[PDB]
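What follows is a short report on a single structure.
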Amino acid sequence: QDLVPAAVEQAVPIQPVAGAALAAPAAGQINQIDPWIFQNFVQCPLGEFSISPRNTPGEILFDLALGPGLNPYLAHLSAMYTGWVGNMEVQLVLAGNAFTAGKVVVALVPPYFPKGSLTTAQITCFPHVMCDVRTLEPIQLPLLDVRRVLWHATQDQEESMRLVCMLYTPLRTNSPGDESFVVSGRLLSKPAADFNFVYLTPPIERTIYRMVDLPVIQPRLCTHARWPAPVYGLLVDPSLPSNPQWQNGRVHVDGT
Amino acid sequence: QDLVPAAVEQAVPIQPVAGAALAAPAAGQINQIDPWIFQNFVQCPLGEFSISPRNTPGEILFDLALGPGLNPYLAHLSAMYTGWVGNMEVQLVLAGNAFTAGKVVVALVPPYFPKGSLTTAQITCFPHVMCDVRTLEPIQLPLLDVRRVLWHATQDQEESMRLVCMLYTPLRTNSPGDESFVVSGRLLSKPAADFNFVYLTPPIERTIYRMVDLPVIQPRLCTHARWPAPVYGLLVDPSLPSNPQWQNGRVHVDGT
Amino acid sequence: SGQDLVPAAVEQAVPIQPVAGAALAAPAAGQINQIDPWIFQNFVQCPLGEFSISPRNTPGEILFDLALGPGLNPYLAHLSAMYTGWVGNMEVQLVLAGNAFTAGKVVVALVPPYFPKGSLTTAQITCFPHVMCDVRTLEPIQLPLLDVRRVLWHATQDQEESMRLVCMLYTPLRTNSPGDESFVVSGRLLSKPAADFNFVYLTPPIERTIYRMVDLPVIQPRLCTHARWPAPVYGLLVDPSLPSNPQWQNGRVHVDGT
Amino acid sequence: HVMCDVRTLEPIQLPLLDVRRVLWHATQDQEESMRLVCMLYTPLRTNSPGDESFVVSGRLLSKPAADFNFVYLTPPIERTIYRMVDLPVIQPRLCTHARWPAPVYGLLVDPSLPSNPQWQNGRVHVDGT
Amino acid sequence: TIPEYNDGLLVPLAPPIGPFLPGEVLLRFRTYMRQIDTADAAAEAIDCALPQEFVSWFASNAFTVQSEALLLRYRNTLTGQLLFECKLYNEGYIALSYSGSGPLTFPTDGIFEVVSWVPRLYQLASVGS
Ligand SMILES: C[C@H](CCC(=O)NCCS(=O)(=O)O)[C@H]1CC[C@H]2[C@@H]3[C@H](O)C[C@@H]4C[C@H](O)CC[C@]4(C)[C@H]3C[C@H](O)[C@]12C
């Protein structure tokens with residue numbers, strides 16, 4: 001005779017994936033990192049999202065990917081090294097009232113899972129953690145390093161273990177409340193015990209995983225990009241054409 | 001095979017810094033303090049702040065500094081002694097509803113970190129503790145004694161481990177509520193196991209770390225500071241010139 | 001290969017005791033901080049690690065003058081955006097291996113902290129622990145760089161008083177070679193942290209640090225715009241028959257921004 | 001790296017290791033493998049009579065280490081990727097012209113004509129485009 | 001509006017500046033030109049998405065993207081007042097969640113500061129006319 005307690009409900013289980021033990025006989029070097037980078041949860045560069053009451057269940061609030069671009073220390077250190085291998089650990093914080101009532105479900109989608117569009121019933125089929133927006137304490141997950149190759153290169157066109165988050169039940173207020181009350185969220189990450197880089201190069205170039213930085217130029221000290229004259233104002237207007245088809249002064253953020 | 005529990009989220013880790021063990025062969029004396037000053041959390045002199053809904057994320061709600069001016073007992077005892085060395089321990093209490101929804105993040109900024117202005121993504125890169133305004137129980141941190149010199153002097157123009165607090169996600173009410181509902185906070189501090197002073201002097205003078213005290217003089221028993229006549233009233237008026245440029249009756253609180 | 005050169009300038013017993021690195025600053029920082037054990041394994045060239053001795057130089061000229069720090073290593077000048085502090089020694093190699101016909105001697109000193117900066121004449125650079133090395137030496141000259149310091153660690157902002165390593169042209173550079181050319185020995189500087197270098201307190205890695213050598217834009221100088229008249233640039237050139245030191249006023253900016 | 005003086009006697013021997021993400025490599029698909037890059041560190045200081053101008057030559061020569069291996073015997077193919085460009089064994093006088101349908105009557109250099117023409121026939125890439 | 005690029009025919013050209021989430025308008029940079037005008041006397045305002053020093057500073061250092069937008073944070077350099085918060089979409093244009101009716105001009109002596117990468121669905125704090 002046993003007792004089945006009616007409240008545990010959490011703790012995603014893992015099987016340890018090998019880190020440098022597979023990479024070692026094929027990498028030239030296996031480069032440790034500071035033993036104190038594993039101790040703190042620092043905010044992911046993409047660690048930003050919001051859950052509004054106009055989101056429908058199924059919406060994917062964020063979709064990360066296991067890399068060293070999930071930690072501002074590993075995104076820095078990953079300019080000296082040529083490739084990484086190892087696990088990580090994420091936690092998210094959600095800032096909601098005791099009025100908002102939804103549940104999100106953070107899933108660990110493997111690599112090479114067909115990148116189409118998951119439904120709401122298929123997200124709970126992965127190692128997941130379910131959490132509502134009223135929790136006070138941050139909830140955490142192990143982002144493991146399922147991979148086919150022995151180590152990854154810090155040029156991310158390789159597939160890696162994703163972290164997908166779906167709005168599972170719709171966000172709605174226990175009270176009448178406001179319809180413009182967004183639930184801000186944040187992500188925070190840190191290496192797990194088995195992370196380390198591979199091959200010391202020079203700090204290579206500008207980089208990838210380098211955060212966009214804007215020039216310290218007040219807009220009045222700028223130049224218009226459709227006429228040879230300085231910028232003479234900033235505005236927003238819903239009455240003008242919403243989607244113009246300008247041709248000059250257009251550019252991606254990757255330079256093309 | 002392991003289980004990674006989906007809720008721990010806290011407990012900042014430390015490496016013990018040496019207290020009197022470094023200071024001992026260079027101080028003339030090493031002066032213990034009452035063994036019961038380490039047992040109670042008493043309110044910091046600067047232990048006051050408020051989080052309003054008109055604060056934008058990034059605002060620094062408070063910025064302390066490891067000293068003996070963080071505890072009304074060590075600010076008293078520090079008039080007999082000439083310098084201190086040792087750790088401390090802080091806790092803050094936040095008084096919010098189950099309507100307010102923000103998160104603050106209390107960080108341990110080291111000394112000689114360039115005193116400019118931290119952003120919201122850089123505050124989580126320090127040993128931090130994240131906490132929302134709906135917690136019922138007070139949350140605590142170790143304020144360690146990272147230092148270059150062997151001990152500090154109780155004349156604080158030396159740099160010491162700061163404690164910075166930023167509004168991390170904006171404060172907004174789960175309900176319509178009120179837009180003038182401020183979330184009062186309070187700080188409370190106590191020595192950790194490794195605090196002790198250095199060199200017994202006389203209770204030196206007035207002091208520094210001496211709390212400002214105002215004369216017990218009802219304003220009708222005062223004198224105007226721009227005319228030789230008694231004070232004949234108190235008022236506030238938004239219609240008069242907001243920022244006059246008076247020249248008499250002006251003085252700092254440090255006497256200049 | 002020929003050995004009509006100087007075999008090796010093997011570091012003389014410079015009069016200096018051993019200096020403690022991270023063993024003094026370890027019980028005063030609240031973290032356990034280690035740096036990659038492979039950074040200690042190869043000598044990489046300094047950021048300021050390129051000089052040259054021509055025969056137009058005179059005895060006394062200061063060839064290089066580089067303070068002990070993390071600015072002496074491309075690896076550690078990059079790692080020092082995440083930390084606030086450092087301690088420890090460095091090992092510097094000096095690569096001058098000039099022609100077989102050149103002649104001359106440089107003297108590398110070990111200037112302590114707080115020594116006034118400025119002149120440092122040739123009569124007094126020998127009063128410091130020094131190494132007098134010929135500019136023909138083949139094998140590199142390992143020479144230490146100790147962390148003589150008054151405090152436990154230094155902050156990674158250059159206002160620190162730290163031990164310099166001055167090099168001074170001691171005797172002038174000449175050549176026996178019979179033909180119409182004086183070679184210009186061009187040395188280099190390689191460096192690697194000693195066994196107990198260490199950084200102190202992990203902090204947010206900010207790019208706008210006192211290190212981070214200048215970068216220029218990757219844009220061709222023919223798509224660039226002019227800085228004295230509103231037009232493109234139609235060709236850069238060098239002309240010796242013009243006003244050599246002009247007093248223009250536009251397009252004139254320090255490198256430090258102002 | 002390895003820093004070699006120009007005036008060394010015996011040849012500098014150094015390895016070229018197989019750092020890889022995968023177990024083996026495929027011979028018919030150029031992939032990413034370790035490079036040797038050689039750079040001029042400090043410049044060359046010598047005399048020079050009047051001609052030639054004394055260039056220091058250098059040559060790289062390789063052999064397999066003790067643990068090189070191929071993987072799986074297939075039937076040999078002829079359209080591989082390590083197949084050097086060979087040319088037709090045909091004298092130009094027997095050829096045919098590319099811009100006008102006639103035989104070719106003489107090959108010559110001529111520094112007088114437009115040095116950079118923009119012809120549109122007889123243009124091809126050695127890679128077959 | 002698009003001028004005549006061919007004489008009467010269609011050409012390749014950049015796509016329209018969109019799309020936006022429900023509630024977002026287009027942040028416009030505004031400069032005034034020289035105009036020959038017979039009757040009116042107002043200023044001829046032309047609007048762009050990004051000024052120069054932003055089209056340079058792109059295509060000089062080539063960034064990656066890592067997400068669908070950048071959350072900028074315009075704040076005045078004096079007193080640190082937060083003017084607004086905008087999304088620089090990866091196609092080089094700024095959206096700003098403004099639900100008013102008429103225009104709303106901001107001061108031009110602040111500095112944009114990149115805060116983070118935000119997904120396409122992120123919901124900006126409204127600005128108040
Ligand atoms: C003369 C300007 C209108 C004519 C125009 O648009 N262009 C003329 C030559 S150019 O294409 O600007 O190169 C007017 C309209 C906008 C004006 C500006 C704007 O009013 C903004 C500031 C306002 C200050 O009070 C005066 C300078 C100023 C910077 C103005 C200078 C100048 O009087 C401007 C530029």
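Numbering starts fresh at 1 for the residues of each chain in the structure tokens, the chains themselves are lettered A, B, ... in the order given, and ligands are numbered from 1 as they appear.
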Write out as a PDB file with N, CA, C and O atoms, in the first residue's frame each polymer residue (protein, DNA or RNA) that has an atom no more than 9 Å from ligand 1, with only C-alpha atoms and all ligand atoms counted.
```pdb
ATOM      1  N   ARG A 220      19.188  65.270 -34.853  1.00  0.00           N
ATOM      2  CA  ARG A 220      19.363  66.569 -35.487  1.00  0.00           C
ATOM      3  C   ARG A 220      20.745  66.721 -36.099  1.00  0.00           C
ATOM      4  O   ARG A 220      20.940  67.583 -36.961  1.00  0.00           O
ATOM      5  N   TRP A 227      17.182  62.922 -49.428  1.00  0.00           N
ATOM      6  CA  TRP A 227      17.430  64.289 -49.855  1.00  0.00           C
ATOM      7  C   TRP A 227      18.675  64.783 -49.145  1.00  0.00           C
ATOM      8  O   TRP A 227      18.867  64.448 -47.968  1.00  0.00           O
ATOM      9  N   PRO A 228      19.536  65.558 -49.802  1.00  0.00           N
ATOM     10  CA  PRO A 228      20.766  66.053 -49.145  1.00  0.00           C
ATOM     11  C   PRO A 228      20.522  67.237 -48.214  1.00  0.00           C
ATOM     12  O   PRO A 228      20.893  68.383 -48.485  1.00  0.00           O
ATOM     13  N   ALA A 229      19.905  66.952 -47.073  1.00  0.00           N
ATOM     14  CA  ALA A 229      19.595  67.951 -46.061  1.00  0.00           C
ATOM     15  C   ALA A 229      19.574  67.262 -44.709  1.00  0.00           C
ATOM     16  O   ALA A 229      19.341  66.052 -44.633  1.00  0.00           O
ATOM     17  N   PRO A 230      19.830  67.993 -43.630  1.00  0.00           N
ATOM     18  CA  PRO A 230      19.808  67.377 -42.302  1.00  0.00           C
ATOM     19  C   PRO A 230      18.407  66.965 -41.874  1.00  0.00           C
ATOM     20  O   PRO A 230      17.399  67.425 -42.409  1.00  0.00           O
ATOM     21  N   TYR A 232      15.243  67.118 -39.817  1.00  0.00           N
ATOM     22  CA  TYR A 232      14.584  68.255 -39.194  1.00  0.00           C
ATOM     23  C   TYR A 232      13.374  67.860 -38.361  1.00  0.00           C
ATOM     24  O   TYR A 232      12.563  68.725 -38.024  1.00  0.00           O
ATOM     25  N   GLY A 233      13.225  66.585 -38.023  1.00  0.00           N
ATOM     26  CA  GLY A 233      12.176  66.206 -37.100  1.00  0.00           C
ATOM     27  C   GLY A 233      11.886  64.723 -37.015  1.00  0.00           C
ATOM     28  O   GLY A 233      12.260  63.953 -37.898  1.00  0.00           O
TER      29      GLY A 233
ATOM     30  N   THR E  31      12.550  65.664 -43.077  1.00  0.00           N
ATOM     31  CA  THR E  31      13.393  66.777 -43.483  1.00  0.00           C
ATOM     32  C   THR E  31      12.667  67.596 -44.534  1.00  0.00           C
ATOM     33  O   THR E  31      11.814  67.089 -45.265  1.00  0.00           O
ATOM     34  N   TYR E  32      13.016  68.874 -44.603  1.00  0.00           N
ATOM     35  CA  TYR E  32      12.351  69.823 -45.481  1.00  0.00           C
ATOM     36  C   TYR E  32      13.304  70.233 -46.592  1.00  0.00           C
ATOM     37  O   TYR E  32      14.476  70.516 -46.335  1.00  0.00           O
ATOM     38  N   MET E  33      12.794  70.271 -47.815  1.00  0.00           N
ATOM     39  CA  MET E  33      13.599  70.432 -49.010  1.00  0.00           C
ATOM     40  C   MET E  33      13.448  71.838 -49.582  1.00  0.00           C
ATOM     41  O   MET E  33      12.741  72.688 -49.038  1.00  0.00           O
ATOM     42  N   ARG E  34      14.142  72.085 -50.694  1.00  0.00           N
ATOM     43  CA  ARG E  34      13.958  73.297 -51.481  1.00  0.00           C
ATOM     44  C   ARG E  34      12.890  73.043 -52.534  1.00  0.00           C
ATOM     45  O   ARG E  34      12.931  72.027 -53.230  1.00  0.00           O
ATOM     46  N   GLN E  35      11.940  73.965 -52.650  1.00  0.00           N
ATOM     47  CA  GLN E  35      10.805  73.772 -53.537  1.00  0.00           C
ATOM     48  C   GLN E  35      10.476  75.054 -54.280  1.00  0.00           C
ATOM     49  O   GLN E  35      10.447  76.138 -53.692  1.00  0.00           O
ATOM     50  N   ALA E  42       4.072  76.785 -47.340  1.00  0.00           N
ATOM     51  CA  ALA E  42       4.450  75.852 -46.292  1.00  0.00           C
ATOM     52  C   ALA E  42       5.715  75.098 -46.690  1.00  0.00           C
ATOM     53  O   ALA E  42       6.229  75.233 -47.803  1.00  0.00           O
ATOM     54  N   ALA E  43       6.225  74.288 -45.769  1.00  0.00           N
ATOM     55  CA  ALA E  43       7.431  73.511 -46.011  1.00  0.00           C
ATOM     56  C   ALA E  43       7.073  72.148 -46.584  1.00  0.00           C
ATOM     57  O   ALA E  43       6.116  71.508 -46.145  1.00  0.00           O
ATOM     58  N   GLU E  44       7.846  71.716 -47.578  1.00  0.00           N
ATOM     59  CA  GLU E  44       7.632  70.425 -48.226  1.00  0.00           C
ATOM     60  C   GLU E  44       8.395  69.370 -47.442  1.00  0.00           C
ATOM     61  O   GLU E  44       9.597  69.185 -47.630  1.00  0.00           O
ATOM     62  N   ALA E  45       7.688  68.673 -46.562  1.00  0.00           N
ATOM     63  CA  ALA E  45       8.294  67.647 -45.732  1.00  0.00           C
ATOM     64  C   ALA E  45       8.393  66.338 -46.497  1.00  0.00           C
ATOM     65  O   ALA E  45       7.410  65.873 -47.083  1.00  0.00           O
TER      66      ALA E  45
END
```
> When DSSP works through the backbone of this structure, what residues of stretch 125-218 of chain A end up as strand (DSSP E or B), shown as a ChimeraX atom specification?
Replying inline: /A:128-132,139-143,152-153,162-173,183-191,196-197,200
If you count only C-alpha atoms, which residues fall within 10 Å of residue B:4, apart from same-chain ones fewer than 6 positions away, as an mmCIF file with N, CA, C and O atoms, in the first residue's frame?
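Generated output (out.cif):
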```cif
data_model
loop_
_atom_site.group_PDB
_atom_site.id
_atom_site.type_symbol
_atom_site.label_atom_id
_atom_site.label_comp_id
_atom_site.auth_asym_id
_atom_site.auth_seq_id
_atom_site.Cartn_x
_atom_site.Cartn_y
_atom_site.Cartn_z
ATOM 1 N N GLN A 10 5.860 18.871 -11.267
ATOM 2 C CA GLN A 10 6.948 19.524 -12.016
ATOM 3 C C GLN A 10 8.195 18.643 -12.036
ATOM 4 O O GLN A 10 8.119 17.422 -11.860
ATOM 5 N N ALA A 11 9.349 19.266 -12.306
ATOM 6 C CA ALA A 11 10.664 18.629 -12.442
ATOM 7 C C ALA A 11 10.892 17.734 -13.654
ATOM 8 O O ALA A 11 10.926 16.513 -13.518
ATOM 9 N N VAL A 12 11.020 18.326 -14.838
ATOM 10 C CA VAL A 12 11.449 17.660 -16.075
ATOM 11 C C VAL A 12 12.674 16.764 -15.905
ATOM 12 O O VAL A 12 13.710 17.219 -15.411
ATOM 13 N N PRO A 13 12.608 15.494 -16.306
ATOM 14 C CA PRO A 13 13.748 14.590 -16.160
ATOM 15 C C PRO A 13 14.614 14.505 -17.403
ATOM 16 O O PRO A 13 14.151 14.654 -18.533
ATOM 17 N N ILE A 14 15.897 14.232 -17.176
ATOM 18 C CA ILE A 14 16.891 14.195 -18.235
ATOM 19 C C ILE A 14 17.700 12.917 -18.131
ATOM 20 O O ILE A 14 17.715 12.237 -17.107
ATOM 21 N N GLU A 89 21.230 26.008 -19.150
ATOM 22 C CA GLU A 89 20.116 25.992 -18.226
ATOM 23 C C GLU A 89 19.446 27.346 -18.274
ATOM 24 O O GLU A 89 20.119 28.366 -18.122
ATOM 25 N N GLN A 140 12.663 27.113 -14.134
ATOM 26 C CA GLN A 140 13.870 26.827 -14.887
ATOM 27 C C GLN A 140 13.815 25.467 -15.562
ATOM 28 O O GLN A 140 13.077 24.574 -15.160
ATOM 29 N N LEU A 141 14.633 25.325 -16.596
ATOM 30 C CA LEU A 141 14.662 24.165 -17.464
ATOM 31 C C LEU A 141 16.092 23.833 -17.837
ATOM 32 O O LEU A 141 16.937 24.728 -17.921
ATOM 33 N N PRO A 142 16.391 22.579 -18.050
ATOM 34 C CA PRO A 142 17.679 22.218 -18.630
ATOM 35 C C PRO A 142 17.606 22.180 -20.135
ATOM 36 O O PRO A 142 16.794 21.442 -20.685
#
```
Using 12 Å as the limit and counting only C-alpha atoms, can you tabulate each residue of chain A that touches chain C, with its shortest atom-to-atom distance in Å and the two atoms involved, as a tab-separated table?
```
residue	atom	partner	partner_atom	distance
A:28	CA	C:38	CA	11.3
A:29	CA	C:38	CA	8.3
A:30	CA	C:38	CA	8.9
A:31	CA	C:36	CA	6.1
A:32	CA	C:36	CA	5.6
A:33	CA	C:36	CA	6.1
A:34	CA	C:34	CA	5.2
A:35	CA	C:33	CA	6.3
A:36	CA	C:32	CA	6.3
A:37	CA	C:202	CA	8.1
A:38	CA	C:32	CA	11.1
A:39	CA	C:31	CA	9.9
A:40	CA	C:202	CA	10.2
A:42	CA	C:204	CA	9.3
A:43	CA	C:204	CA	10.6
A:71	CA	C:204	CA	10.8
A:72	CA	C:205	CA	7.2
A:73	CA	C:205	CA	6.8
A:74	CA	C:205	CA	10.0
A:75	CA	C:205	CA	9.6
A:76	CA	C:205	CA	7.1
A:77	CA	C:79	CA	7.4
A:78	CA	C:79	CA	10.8
A:79	CA	C:78	CA	9.0
A:80	CA	C:75	CA	7.5
A:81	CA	C:75	CA	10.6
A:196	CA	C:36	CA	10.2
A:197	CA	C:36	CA	10.0
A:198	CA	C:38	CA	10.8
A:199	CA	C:38	CA	9.5
A:200	CA	C:38	CA	7.9
A:201	CA	C:75	CA	9.2
A:202	CA	C:75	CA	7.2
A:203	CA	C:78	CA	7.5
A:204	CA	C:74	CA	10.8
A:205	CA	C:215	CA	10.1
A:206	CA	C:215	CA	9.2
A:210	CA	C:207	CA	9.9
A:211	CA	C:207	CA	9.9
A:212	CA	C:207	CA	11.5
A:213	CA	C:207	CA	10.0
A:216	CA	C:257	CA	11.4
A:228	CA	C:230	CA	9.4
A:229	CA	C:230	CA	11.2
A:255	CA	C:218	CA	11.3
```
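Applying a distance limit of 10 Å to only C-alpha atoms, the residues of chain C near chain E read residues 216, 217, 218, 219, 220 and 224 of chain C.
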> Which of these residues is nearest to chain A, using only C-alpha atoms: B:191, B:170, B:47, B:215?
Replying inline: B:170
>> Please find the residues of chain E near chain B - the criterion being any atom within 12 Å, counting only C-alpha atoms - and write them as a PyMOL selection string.
In response: chain E and resi 73+75+77+79-85+113-117+125
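Summary of the local environment: counting only C-alpha atoms, residues at most 9 Å from residue B:67, other than itself and those fewer than 2 positions away along its chain, are residues 64, 65, 69, 70, 71, 74, 75, 84, 85, 86, 87, 88, 152, 154, 156, 160 and 161 of chain B.
Taking atom CA of residue E:5 as the reference point, atom CA of residue A:244 is found at 17.0 Å.
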>> Restricting the calculation to only C-alpha atoms: of A:22, A:149, A:192, A:125, which residue gets closest to chain B?
In response: A:192
>> Please find the residues of chain C near chain D - the criterion being any atom within 10 Å, counting only C-alpha atoms - and write them as a PyMOL selection string.
In response: chain C and resi 1-2+42-44+50+95-101+138-139+177-188
Residues of chain B within 9 Å of chain A, counting only C-alpha atoms, what are they? List them as a short mmCIF file (atom, residue, chain, number, x, y, z; two decimals) with C-alpha atoms, in the first residue's frame.
```
data_model
loop_
_atom_site.label_atom_id
_atom_site.label_comp_id
_atom_site.auth_asym_id
_atom_site.auth_seq_id
_atom_site.Cartn_x
_atom_site.Cartn_y
_atom_site.Cartn_z
CA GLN B 1 19.39 9.86 -15.26
CA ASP B 2 18.54 12.92 -13.14
CA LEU B 3 15.63 15.23 -12.40
CA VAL B 4 16.10 18.95 -12.89
CA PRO B 5 13.45 20.47 -10.60
CA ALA B 6 11.56 23.31 -12.22
CA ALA B 7 11.58 25.62 -9.20
CA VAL B 8 14.51 26.79 -7.12
CA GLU B 9 15.33 30.13 -8.82
CA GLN B 10 17.25 31.82 -5.93
CA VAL B 12 23.12 33.85 -4.66
CA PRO B 13 26.44 31.99 -4.14
CA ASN B 97 -0.74 44.14 -3.24
CA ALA B 98 -1.71 41.22 -5.37
CA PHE B 99 -2.52 43.88 -7.98
CA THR B 100 0.88 45.45 -8.61
CA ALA B 101 3.02 43.50 -11.06
CA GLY B 102 6.68 44.41 -11.39
CA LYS B 103 10.06 42.87 -10.76
CA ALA B 121 20.45 44.04 -19.39
CA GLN B 122 23.69 44.73 -17.51
CA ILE B 123 22.24 44.57 -14.02
CA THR B 124 21.65 40.82 -14.21
CA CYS B 125 25.33 40.25 -14.97
CA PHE B 126 26.30 40.75 -11.28
CA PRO B 127 25.49 38.44 -8.40
CA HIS B 128 21.87 39.44 -8.17
CA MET B 130 15.37 39.00 -8.56
CA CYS B 131 12.17 39.67 -6.69
CA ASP B 132 8.72 40.95 -7.49
CA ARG B 134 4.09 40.88 -4.37
CA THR B 135 6.35 38.87 -2.05
CA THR B 169 10.04 45.28 -15.37
CA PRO B 170 7.66 48.25 -15.20
CA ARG B 172 1.71 48.13 -13.52
CA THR B 173 -1.51 47.09 -11.82
CA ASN B 174 -3.23 43.78 -12.64
CA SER B 175 -6.40 45.83 -12.01
CA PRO B 176 -7.32 49.32 -13.21
CA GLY B 177 -6.51 50.35 -9.62
#
```
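You will find atom CA of residue E:98 at 22.0 Å from atom CA of residue A:61.
Using only C-alpha atoms, one finds that the residues of chain D close to chain A, at 9 Å or less, are residues 17, 18, 19, 20, 21, 22 and 23 of chain D.
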Store the residues picked out above in a file with N, CA and C atoms, as a PDB file, in the first residue's frame.
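In the end it all went to again_36.pdb:
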```
ATOM      1  N   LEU D  17      46.650  18.549 -38.511  1.00  0.00           N
ATOM      2  CA  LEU D  17      45.779  17.627 -37.813  1.00  0.00           C
ATOM      3  C   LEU D  17      44.387  17.678 -38.417  1.00  0.00           C
ATOM      4  N   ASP D  18      43.600  16.642 -38.165  1.00  0.00           N
ATOM      5  CA  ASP D  18      42.248  16.568 -38.711  1.00  0.00           C
ATOM      6  C   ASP D  18      41.279  16.877 -37.588  1.00  0.00           C
ATOM      7  N   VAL D  19      41.031  18.159 -37.381  1.00  0.00           N
ATOM      8  CA  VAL D  19      40.008  18.619 -36.462  1.00  0.00           C
ATOM      9  C   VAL D  19      38.701  18.631 -37.234  1.00  0.00           C
ATOM     10  N   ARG D  20      37.688  17.948 -36.712  1.00  0.00           N
ATOM     11  CA  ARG D  20      36.464  17.761 -37.461  1.00  0.00           C
ATOM     12  C   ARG D  20      35.299  17.639 -36.503  1.00  0.00           C
ATOM     13  N   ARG D  21      34.106  17.915 -37.015  1.00  0.00           N
ATOM     14  CA  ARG D  21      32.878  17.683 -36.276  1.00  0.00           C
ATOM     15  C   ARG D  21      32.288  16.314 -36.515  1.00  0.00           C
ATOM     16  N   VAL D  22      32.665  15.645 -37.597  1.00  0.00           N
ATOM     17  CA  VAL D  22      32.056  14.395 -38.010  1.00  0.00           C
ATOM     18  C   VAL D  22      33.075  13.276 -37.860  1.00  0.00           C
ATOM     19  N   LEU D  23      32.629  12.045 -38.096  1.00  0.00           N
ATOM     20  CA  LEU D  23      33.511  10.901 -37.900  1.00  0.00           C
ATOM     21  C   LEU D  23      34.557  10.811 -39.002  1.00  0.00           C
TER      22      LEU D  23
END
```
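Between atom CA of residue C:197 and atom CA of residue C:154 the separation is 11.8 Å.
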>> Among stretch 55-230 of chain C, which ones does DSSP assign to alpha helix (DSSP H) (computed from the backbone)? Answer as a ChimeraX atom specification.
In response: /C:76-79
Quick one: write out the picked residues with C-alpha atoms as a compact mmCIF listing (two decimals), in the first residue's frame?
```txt
# COMPACT_ATOMS: atom_id res chain seq x y z
CA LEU C 76 43.55 39.18 -22.06
CA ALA C 77 42.69 42.56 -23.49
CA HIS C 78 39.48 40.86 -24.64
CA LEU C 79 38.84 38.93 -21.44
```
> Could you pull the residues within 10 Å of residue E:90, counting only C-alpha atoms, minus those fewer than 6 positions along the same chain, as an MDAnalysis selection string?
Replying inline: (chainID A and resid 251:254) or (chainID E and resid 64:70 117 120)
For those residues, write C-alpha atoms to a file as a PDB file, in the first residue's frame.
```pdb
ATOM      1  CA  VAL A 251      18.669  48.812 -45.552  1.00  0.00           C
ATOM      2  CA  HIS A 252      18.521  45.623 -43.521  1.00  0.00           C
ATOM      3  CA  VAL A 253      20.246  45.457 -40.161  1.00  0.00           C
ATOM      4  CA  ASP A 254      22.727  42.936 -41.578  1.00  0.00           C
TER       5      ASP A 254
ATOM      6  CA  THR E  64      23.470  39.298 -37.542  1.00  0.00           C
ATOM      7  CA  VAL E  65      19.772  39.327 -36.568  1.00  0.00           C
ATOM      8  CA  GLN E  66      18.995  36.513 -34.107  1.00  0.00           C
ATOM      9  CA  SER E  67      15.322  37.585 -34.020  1.00  0.00           C
ATOM     10  CA  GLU E  68      12.662  39.603 -35.821  1.00  0.00           C
ATOM     11  CA  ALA E  69      13.045  43.044 -34.240  1.00  0.00           C
ATOM     12  CA  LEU E  70      15.188  45.277 -32.046  1.00  0.00           C
ATOM     13  CA  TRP E 117      15.999  41.598 -29.600  1.00  0.00           C
ATOM     14  CA  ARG E 120       7.591  39.916 -34.017  1.00  0.00           C
TER      15      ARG E 120
END
```
